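Participant:
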Amino acid sequence: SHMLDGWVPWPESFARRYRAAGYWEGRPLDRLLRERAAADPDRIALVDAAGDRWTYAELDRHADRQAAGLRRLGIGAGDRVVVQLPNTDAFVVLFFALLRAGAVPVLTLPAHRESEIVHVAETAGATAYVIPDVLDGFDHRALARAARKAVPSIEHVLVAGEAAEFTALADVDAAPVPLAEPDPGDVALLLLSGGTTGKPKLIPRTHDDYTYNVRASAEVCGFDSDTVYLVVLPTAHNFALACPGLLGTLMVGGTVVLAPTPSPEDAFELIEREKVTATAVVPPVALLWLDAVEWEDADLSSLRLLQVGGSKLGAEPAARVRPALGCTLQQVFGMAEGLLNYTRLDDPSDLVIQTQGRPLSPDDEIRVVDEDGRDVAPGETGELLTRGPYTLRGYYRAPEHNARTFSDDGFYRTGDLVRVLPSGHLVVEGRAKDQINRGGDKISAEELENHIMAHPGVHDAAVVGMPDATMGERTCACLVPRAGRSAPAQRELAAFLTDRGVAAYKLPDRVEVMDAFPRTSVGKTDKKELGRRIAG
Ligand SMILES: Nc1ncnc2c1ncn2[C@@H]1O[C@H](COP(=O)(O)O)[C@@H](O)[C@H]1O
Ligand SMILES: O=C(O)c1ccccc1O
Numbered sequence: 019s020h021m022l023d024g025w026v027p028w029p030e031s032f033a034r035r036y037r038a039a040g041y042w043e044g045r046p047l048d049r050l051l052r053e054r055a056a057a058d059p060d061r062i063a064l065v066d067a068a069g070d071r072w073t074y075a076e077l078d079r080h081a082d083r084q085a086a087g088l089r090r091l092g093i094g095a096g097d098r099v100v101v102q103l104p105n106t107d108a109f110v111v112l113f114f115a116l117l118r119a120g121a122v123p124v125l126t127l128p129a130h131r132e133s134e135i136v137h138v139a140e141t142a143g144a145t146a147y148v149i150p151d152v153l154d155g156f157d158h159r160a161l162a163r164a165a166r167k168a169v170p171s172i173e174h175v176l177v178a179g180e181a182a183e184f185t186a187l188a189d190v191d192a193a194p195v196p197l198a199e200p201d202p203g204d205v206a207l208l209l210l211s212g213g214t215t216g217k218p219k220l221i222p223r224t225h226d227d228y229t230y231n232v233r234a235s236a237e238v239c240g241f242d243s244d245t246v247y248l249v250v251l252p253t254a255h256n257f258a259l260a261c262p263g264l265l266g267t268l269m270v271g272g273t274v275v276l277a278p279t280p281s282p283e284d285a286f287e288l289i290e291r292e293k294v295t296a297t298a299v300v301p302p303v304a305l306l307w308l309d310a311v312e313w314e315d316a317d318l319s320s321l322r323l324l325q326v327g328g329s330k331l332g333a334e335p336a337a338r339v340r341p342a343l344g345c346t347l348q349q350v351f352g353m354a355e356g357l358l359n360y361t362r363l364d365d366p367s368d369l370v371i372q373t374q375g376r377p378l379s380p381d382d383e384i385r386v387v388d389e390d391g392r393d394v395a396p397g398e399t400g401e402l403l404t405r406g407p408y409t410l411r412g413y414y415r416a417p418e419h420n421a422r423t424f425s426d427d428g429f430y431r432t433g434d435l436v437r438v439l440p441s442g443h444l445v446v447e448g449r450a451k452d453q454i455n456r457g458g459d460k461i462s463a464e465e466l467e468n469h470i471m472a473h474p475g476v477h478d479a480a481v482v483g484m485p486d487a488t489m490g491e492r493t494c495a496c497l498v499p500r501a502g503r504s505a506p507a508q509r510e511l512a513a514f515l516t517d518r519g520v521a522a523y524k525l526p527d528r529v530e531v532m533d534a535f536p537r538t539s540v541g542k543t544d545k546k547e548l549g550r551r552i553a554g
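The sequence shown lines up with residues 19 to 554 when you count with the entry's author numbering.
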């Protein structure tokens, strides 16, 4: 019996093995804060960008008070709550408050707009939505009004800021009350993945598997009480939340420092001010920092570990991390779906430079298969399939996609092309899935194509990635105009998509108009050949 329907538990035989091996320790996710605050109440747990500071005991207490306030609003056992918050202390307190109230956080990113927010709120049956007031020039309260009109289940809107007609998140506060613990085998939170289909996909992560994700990651990355971790990616990004991220920092009793942006202006100042020892970035930010040290005078000497993931960091900039930034590079090839690959901190520099790591868990199982589904010869390139103690067995409430995406024996088809080396380290070679990786941001081609085809000048759309030296990939929208109509150019299409509620990282970089798309002999649109026609 599980508190949530719509997800796919592990087979009992696997669950027994993972419990027996010590992976699944049977503790709710919120206990990592409860346990740390009991052992080290007066250690500094959290610093925000302004320099305000909270101890473990203060964070634990505030989470209890906000959990009690949430229950007063009717937000509790099993309710899904969409969270869209910046890198501020509000998110950290609310994350644990929701867990302790029994609610299931549905984590979205500040960039997400009406299309993504409405879909995930509709899918999850969310009863509440948590937003800032204004962030990076955008009034999320307007977006909350749109989401409520489209999703009747949303009863409460909690605002980190000026609440307007809604509820101020700060007022969600009450005297702590005894709350029952959740079953550790139940879903603790839902993550978002760009995915490959027409709608974003939600990833259920259980208390046991996410705690293991956090704990094992902290071990591999040498996180402990003298770690000062800078949250540069969004707090809701799996990489910065749990790999080991802020949760791993709190679990071991280090200090979490929240960066408001990844710019050197903000990040370098915080690294010097707070003596940051570890952080995690995507390659475009790594390149920016590697450049910026040549004209910034910040003292970054405290930095010991720079994790780089989300897309493949090239060997040439990888080699520059130690000379330029004075720290150890760790390549991380991970996914919200589960499987994490890490270079080890004392790997030879050759493997840190040239590979994307090896799996976190001894019981991470990996297969590399050809087009016919057969295992490749050792060292050959094929598609990575994986199964393990923190990799999902299905997306949330997506049975049709699950039937296509997981093999019969439960292997998740990642859509990544990889080689496995004799040491077990992986090299990322490309992608099989129809999803563009734009500076770390994942763009489902099918979803974007459906949005674009809603434009009155478009009959058909095919979204193709184009290589980019610093972004990895950019997005080209190939358009067949509607009969007797002119297709839009890039700027009009961008405006149409933004008004439609499409996140800004999905706006096509380039538009190419054409009377027809190349097709295979099936005949699906041949995006291999579209890439060539784009290039001439
Ligand atoms: N170090 C890395 N190198 C290459 N690709 C990566 C890396 N880290 C993450 N990814 C990509 O990000 C995907 C996971 O993100 P998502 O599908 O949004 O959960 C992987 O399947 C890869 O395509
Ligand atoms: O989703 C990702 O891109 C990712 C990258 C590195 C580590 C964990 C992750 O979820």
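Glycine residues also receive a C-beta, built at the ideal position from the N, C-alpha and C atoms.
(1) Please find out if some non-hydrogen atom of ligand 2 comes closer than 8 angstroms to the beta-carbon of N256.
(2) Secondary structure at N455, three-state DSSP: helix, strand or coil?
(3) Does ligand 3 have even one heavy atom less than 8 angstroms from the beta-carbon of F351?
(4) Using the beta-carbon count (16 or more within 10 Å), is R54 buried or exposed?
(5) Buried or exposed for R223, please, with buried defined as at least 16 other CB atoms from any protein chain shown within 10 angstroms of its CB.
(6) Between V101 and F113, is the Cβ-Cβ spacing less than 9 angstroms?
(7) Whole angstroms is fine: what's the gap from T214's alpha carbon to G40's?
(8) Do three or more CB pairs link the segment 421-430 to the segment 479-490 at distances below 8 angstroms?
(9) So, do the segment 349-361 and the segment 231-246 have three or more beta carbon pairs nearer to each other than 8 angstroms?
(10) For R528, which residues from the same chain have a beta carbon less than 6 angstroms from its beta carbon, with the 5 sequence-adjacent residues on both sides left out?
(11) State the DSSP-derived secondary structure class of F351, mapped to helix, strand or coil.
(12) Please classify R509 as buried or exposed, where buried requires at least 16 neighbouring CB atoms within 10 angstroms.
(13) Between the alpha carbons of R71 and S367, how many angstroms are there, rounded?
(14) Would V122 and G92 qualify as a contact pair, given that the criterion is a beta-carbon distance under 9 angstroms?
(15) Do you know offhand how far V498's Cα is from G554's?
(16) To the nearest angstrom, how far is it from the Cα of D48 to the Cα of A206?
(17) Please confirm if the segment 433-449 is in contact with the segment 262-279, defined as three or more CB-CB distances below 8 angstroms between the two stretches.
(18) Taking the continuous alpha helix (DSSP H) assigned at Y74, which residues delimit it?
(19) Nearest to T346 by alpha carbon, out of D365, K330, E334, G352?
(20) On the CB-based measure, 16 or more other CB atoms within 10 Å of its CB, does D60 come out buried or exposed?
(21) Starting from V122, follow its DSSP beta bridges and name the residues at the other end.
(22) Where DSSP assigns a beta bridge to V249, which residues make up the other side?
(23) Look up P377 in the DSSP assignment and say whether it is helix, strand or coil.
(24) Spatial neighbours of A337 within its chain, please: C-beta separation below 6 angstroms, excluding the five flanking residues on both sides.
(25) Three-state secondary structure (DSSP) at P282?
(26) Could you name the residues of the same chain whose beta carbon sits closer than 6 angstroms to that of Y74, not counting the 5 residues immediately before and after it, in chain order?
(27) Ligand 1 heavy atoms versus the CB of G327: any closer than 8 angstroms?
(28) Give a yes or no on contact between the segment 178-187 and the segment 147-154, applying the rule of three or more CB pairs nearer than 8 angstroms.
(29) Please go through the same chain and pick out, in chain order, the residues whose beta-carbon is closer than 7 angstroms to the beta-carbon of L248, but skip the five residues on each side of it.
(30) Check whether the segment 462-471 and the segment 381-400 touch, using three or more Cβ-Cβ pairs below 8 angstroms as the test.
(31) Closest to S19 by C-alpha separation, out of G263, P202, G266, would be which residue?
(32) At a threshold of 8 angstroms, does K460 count as lining ligand 2 (C-beta to nearest heavy atom)?
(33) How about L259 and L323: do their beta carbons lie closer than 9 angstroms?
(34) If you measure from the CB of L358, is any heavy atom of ligand 2 nearer than 8 angstroms?
(35) Given this structure, state the Cα-to-Cα distance separating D82 from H174, to the nearest angstrom.
Facilitator: In this structure, then:
(1) Counting from one through the sequence shown, the residue named residue 256 turns up at place 238. Residue side-chain check: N256 places its Cβ nearer than 8 angstroms to a non-hydrogen atom of ligand 2.
(2) Position 437 of the sequence shown, counting from 1, holds the residue named residue 455. Note: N455 maps to strand in three-state DSSP.
(3) As presented, the structure is devoid of ligand 3, carrying ligand 1 and ligand 2 as its sole ligands.
(4) For the purposes of this step, residue 54 is identified with residue 36 of the sequence shown, where counting begins at 1. Per the 10 Å Cβ criterion, buried.
(5) The count along the sequence shown starts at 1 and reaches residue 223 at position 205. Classification of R223: buried, given that the 10 Å Cβ count is 16 or more.
(6) If you number the sequence shown from 1, residue 101 lands on position 83. If you number the sequence shown from 1, residue 113 lands on position 95. Their beta carbons are under 9 angstroms apart, which means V101 touches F113 by this criterion.
(7) Position 196 of the sequence shown, counted from the first residue, corresponds to residue 214. Position 22 of the sequence shown, counted from the first residue, corresponds to residue 40. Straight-line Cα distance between these residues: approximately 34 angstroms.
(8) Not touching, per the Cβ criterion.
(9) Segments in contact, yes.
(10) Within the sequence shown, the letter at position 510 stands for residue 528. By the criterion of a C-beta distance shorter than 6 angstroms, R528 is surrounded in its chain by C494, once the five residues flanking it on both sides are discounted.
(11) Within the sequence shown, residue 351 is the residue found at index 333, counting from 1. Collapsing the DSSP output to three states places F351 in a strand.
(12) The residue given as residue 509 occupies position 491 in the sequence shown. So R509 counts as exposed.
(13) Within the sequence shown, residue 71 is the residue found at index 53, counting from 1. Within the sequence shown, residue 367 is the residue found at index 349, counting from 1. Between the C-alpha atoms of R71 and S367 there is a straight-line separation of about 37 angstroms.
(14) Within the sequence shown, residue 122 is the residue found at index 104, counting from 1. Within the sequence shown, residue 92 is the residue found at index 74, counting from 1. No, the pair does not count as a contact, with Cβ atoms beyond the cut-off.
(15) Translated into positions along the sequence shown, residue 498 becomes position 480. Translated into positions along the sequence shown, residue 554 becomes position 536. Distance between the alpha carbons of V498 and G554 is about 18 angstroms.
(16) Along the sequence shown, one-based indexing puts residue 48 at 30. Along the sequence shown, one-based indexing puts residue 206 at 188. Taking the straight line joining both Cα atoms gives about 9 angstroms.
(17) By the Cβ criterion, the segment 433-449 is not in contact with the segment 262-279, since fewer than three pairs of Cβ atoms, one from each stretch, lie closer than 8 angstroms.
(18) The residue given as residue 74 occupies position 56 in the sequence shown. Per DSSP, the continuous alpha helix (DSSP H) segment holding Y74 begins and ends at 74-90.
(19) Sequence index remark: in the sequence shown, residue 346 carries index 328 (1-based). It is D365.
(20) Within the sequence shown, the letter at position 42 stands for residue 60. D60 comes out exposed.
(21) As a first step, residue 122 must be located in the sequence shown, where it is residue number 104. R98, per the DSSP bridge assignment.
(22) Along the sequence shown, one-based indexing puts residue 249 at 231. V249 is bridged to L276.
(23) By one-based count along the sequence shown, residue 377 stands at place 359. Looking at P377 - three-state DSSP - the assignment turns out to be strand.
(24) In the sequence shown, the residue the question calls residue 337 occupies position 319. Excluding residues within five positions, the ones whose Cβ falls inside 6 angstroms are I371.
(25) Numbered from 1 along the sequence shown, position 264 holds the residue referred to as residue 282. Helix, per DSSP.
(26) Within the sequence shown, the letter at position 56 stands for residue 74. The beta carbon of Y74 lies closer than 6 angstroms to those of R54, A55, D58, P59, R61, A63 in the same chain, with the five residues before and after it left out.
(27) Here residue 327 is taken as the residue at index 309 of the sequence shown, counted from 1. The answer is yes for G327.
(28) Using a C-beta cut-off of 8 angstroms, the segment 178-187 makes contact with the segment 147-154, since at least three inter-stretch Cβ pairs fall below that distance.
(29) Residue mapping note: residue 248 aligns to position 230 of the sequence shown, counting from 1. Closer than 7 angstroms at the Cβ level, and outside the excluded window around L248, lie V275, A277, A285, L288, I289, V294, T297.
(30) In short, these stretches do not touch, since the Cβ pair count stays below three.
(31) Here residue 19 refers to the residue found at position 1 of the sequence shown. If we check each option's Cα against that of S19, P202 comes out closest.
(32) For this step, residue 460 is matched to residue 442 along the sequence shown. It does: the Cβ of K460 is within 8 angstroms (strictly closer) of some heavy atom of ligand 2.
(33) For the purposes of this step, residue 259 is taken as residue 241 along the sequence shown, with counting starting at 1. For the purposes of this step, residue 323 is taken as residue 305 along the sequence shown, with counting starting at 1. By the CB criterion at 9 angstroms, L259 and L323 fall outside the cutoff.
(34) The sequence position of residue 358 within the sequence shown is 340, counting from 1. With a threshold of 8 angstroms, the Cβ atom of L358 counts as near ligand 2, since some heavy atom of the ligand is closer than that.
(35) By one-based count along the sequence shown, residue 82 stands at place 64. By one-based count along the sequence shown, residue 174 stands at place 156. Computed Cα separation, rounded: 20 angstroms.
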